[PDB]
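Now for the letters of each chain:
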Amino acid sequence: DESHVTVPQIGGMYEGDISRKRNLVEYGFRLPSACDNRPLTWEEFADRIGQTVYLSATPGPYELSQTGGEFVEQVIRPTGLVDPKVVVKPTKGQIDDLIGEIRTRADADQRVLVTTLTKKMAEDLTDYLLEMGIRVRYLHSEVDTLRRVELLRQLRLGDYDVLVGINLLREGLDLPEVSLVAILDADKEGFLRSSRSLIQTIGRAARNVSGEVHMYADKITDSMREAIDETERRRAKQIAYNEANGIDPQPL
DNA sequence: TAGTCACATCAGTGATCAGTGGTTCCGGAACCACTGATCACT
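Residues numbered from 1 in each chain as written, not as in the entry; some residues may be left out. Chains lettered and ligands numbered in written order. Part of a larger assembly, values for the part shown. Heavy atoms only, no water.

For this entry, the PDB record names cryo-EM as the structure determination method and reports a resolution of 4.3 Å.

Per the PDB entry, chain A goes by UvrABC system protein B and derives from Mycobacterium tuberculosis. This entry's official PDB title is "MtUvrA2UvrB bound to damaged oligonucleotide".

Laid out in structure tokens, this is it:
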């Protein structure tokens with residue numbers, strides 16, 4: 001599962017650990033048998049394994065190369081939930097719209113998410129939002145568990161609505177109550193903001209019954225809009241399946 | 001320039017106990033009664 005990062009993790013771990021076995025064995029700490037007591041080189045693992053099945057809505061490049069590009073689809077949940085409605089606007093008009101949607105969601109006391117790129121601008125923007133009397137928090141590189149766990153307590157107690165993270169937010173958050181997310185400066189072509197990143201944000205925003213995505217960037221990256229288009233067409237497919245069942249998207 | 005990486009222990013290091021070395025300390029005037037003269041008499 002998540003072999004798209006497990007296999008790169010395998011090679012990266014082997015490389016870093018063999019760099020350590022250098023300066024360990026190469027520099028008189030253990031014998032080369034230490035170097036042997038290692039993660040299997042990716043090829044060695046690929047041999048020692050049996051039949052291989054990768055599990056991810058975003059198959060890895062080398063994974064697709066191994067599998068020939070074919071796969072097995074499972075995207076329509078039996079529940080009937082559908083993907084969010086995406087919107088794209090330029091970077092300008094971001095603070096005003098952000099506050100407006102903050103208040104609109106606070107009418108019903110709903111959640112919201114925000115992404116960012118640079119730490120300085122991220123925390124500056126969160127500071128301004130706090131200055132405008134906004135129930136907002138932010139995340140940085142090395143935040144610790146207590147902060148976001150008390151954030152979970154707060155959100156399930158209806159204290160705040162929005163959060164402002166950069167990268168690590170992408171992992172370890174399941175928020176059914178957010179019907180709107182904002183994606184800052186997706187225009188830049190970055191590894192951490194790749195098609196996998198946009199698909200992850202799409203899945204995040206798909207949690208709510210009528211979730212919504214809002215990416216604010218001057219230009220539109222190929223990955224972001226192709227991901228949005230495939231998301232919306234599979235969303236139409238899911239809606240068709242729902243209405244064929246005579247069942248509205250069912251929260252579960 | 002960067003998040004994950006995971007294959008225990010000599011040797012301090014002394015606390016701290018928890019055993020050993022040593023502590024230490026009172027009341028003494030009473031109590032039991034016993035014991036060398038002193039006139040007495042001879």
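Asker: What is the right way to read the packing of aromatic side chains from this model?
Answerer: The final tally for this structure, using the stated rule, is two aromatic pairs. With a centroid separation of 5.1 Å and an interplanar angle of 35 degrees, the aromatic rings of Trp 42 and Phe 45 are classed as tilted. Remark: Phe 45 and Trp 42 occur in helix α3 (residues 42-48); sequence separation between them is three residues, near one turn of the helix. Take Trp 42: its relative accessible area is 16%, and that puts it in the buried class. Given a relative accessible area of 27%, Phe 45 falls into the partly exposed group. Taking the centre distance of 5.5 Å and the plane angle of 80 degrees together, the rings of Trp 42 and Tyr 62 count as edge-to-face. One end of the pair, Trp 42, is in helix α3; the other, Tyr 62, is in helix α4 (residues 61-67), and 20 residues separate them in sequence. The exposure class of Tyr 62 is partly exposed, given its relative accessible area of 36%. Aromatic rings pair up to connect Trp 42, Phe 45 and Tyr 62 into one cluster. (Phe/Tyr/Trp six-rings, centres within 6.5 Å; stacked < 30°, edge-to-face > 60°. Helix = DSSP H or I, 4+ residues; strand = E, 2+ residues; numbered from the N terminus. Buried < 20%, exposed > 50% of the residue type's maximum accessible area, 1.4 Å probe, protein only.)

Asker: Explain the pattern of salt bridges to me, please; I cannot follow it from the model alone.
Answerer: As a working rule, side chains carrying opposite charge can pair if their charged atoms are close by. Summed over all chains, the structure comprises 17 salt bridges. Ionic pairing is found between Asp 17 and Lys 21, a salt bridge with its closest N-O pair at 3.9 Å. With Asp 17 and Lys 21 both in helix α1 (residues 3-21), this residue pair falls four residues apart, about one helical turn. For the pair formed by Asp 17 and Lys 21, the shared burial category is buried. Linking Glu 212 and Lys 85 is a salt bridge whose minimum nitrogen-to-oxygen distance equals 3.9 Å. Taken together, the residues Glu 212 in strand β6 (residues 212-216) and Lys 85 in strand β1 (residues 85-89) connect sequence positions 127 residues apart. Assessed through its relative accessible area of 27%, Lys 85 is described here as partly exposed. What you see here is one network of salt bridges that share partners, running through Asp 83, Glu 230, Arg 233 and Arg 234. (Salt bridge = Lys/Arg side-chain N within 4 Å of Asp/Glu carboxyl O.)

Asker: When you look at the sheet that holds strand β5 (residues 178-184) in this model, what are you seeing that I'm missing?
Answerer: Within a sheet, adjacent strands bond to each other through the backbone by hydrogen bonds, running parallel or antiparallel. With respect to topology, six strands assemble into an open sheet ordered β1-β6-β5-β2-β4-β3, the strand pairing being parallel. A strand with exactly one partner marks an edge of an open sheet, and here the two such strands are β1 and β3 (136-138). Each strand axis lies, on average, 15 degrees off the axis of its neighbour in the sheet, ignoring direction. Pairing analysis gives three bridges linking strand β2 (residues 111-115) to β5, with the strands arranged parallel. When the bridges of β5 are listed, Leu 113 appears paired with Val 181. The strands touched by helix α8 (residues 195-205) are β5 and β6; relative to β5, the strand with the most contacts, the crossing angle is about 160 degrees. (Pairing = 2+ DSSP bridges. Axes fitted to C-alpha atoms, helices over the stretch in contact; angles between N-to-C directions. Contact = heavy atoms within 4.5 Å.)

Asker: Explain the pairing of β2 to me, please; I cannot follow it from the model alone.
Answerer: With respect to burial, β2 is a largely interior element, five of its five residues being buried. Side chains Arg 111, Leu 113 and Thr 115 project from β2 onto one buried face, and the interleaved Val 112 and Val 114 project onto a second face that is buried too.

Asker: Whenever I open this one, a nonpolar patch on the surface confuses me. Can you help?
Answerer: A surface patch of nonpolar side chains, amounting to about 330 Å² of accessible area, comprises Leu 24, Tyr 27 and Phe 29. Structurally, the position occupied by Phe 29 is in the loop between α1 and α2 (32-36). Under the relative-accessibility criterion, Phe 29 is labelled exposed at 54%. (Patch = residues over 30% accessible without salt bridge, like charges linked within 9 Å, V, L, I, M, F, W, Y side chains within 5 Å. Areas by Shrake-Rupley, 256 points an atom, 1.4 Å probe, with all protein chains shown as cover.)

Asker: For this particular structure, what's the right way to read helix α7 (residues 145-156)?
Answerer: Count 3.6 residues to each turn of an α-helix, and residues three or four apart come out pointing the same way. Look at α7: 17 Å from first C-alpha to last across twelve residues, which is about the 16 Å you get at 1.5 Å a residue. Those residues of α7 not exposed but buried are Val 149, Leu 151 and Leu 155. Viewed along the axis of α7, the buried residues span an arc of 150 degrees, placing them on a single side of the element. Packed against the buried residues of α7 are β2, β3 and β4 (162-165). Near the N-terminus of α7, the side chain that reaches the backbone nitrogen of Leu 146, with its oxygen 3.1 Å away, is that of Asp 144. The positive-phi residue at the C-terminal boundary of α7 is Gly 158, with phi of around 65 degrees. (Expected span 1.5 Å × (residues − 1). Arc of directions from axis to C-beta. Polar contact = N/O pair within 3.5 Å; in protein donor to acceptor, adjacent residues only side chain to side chain.)

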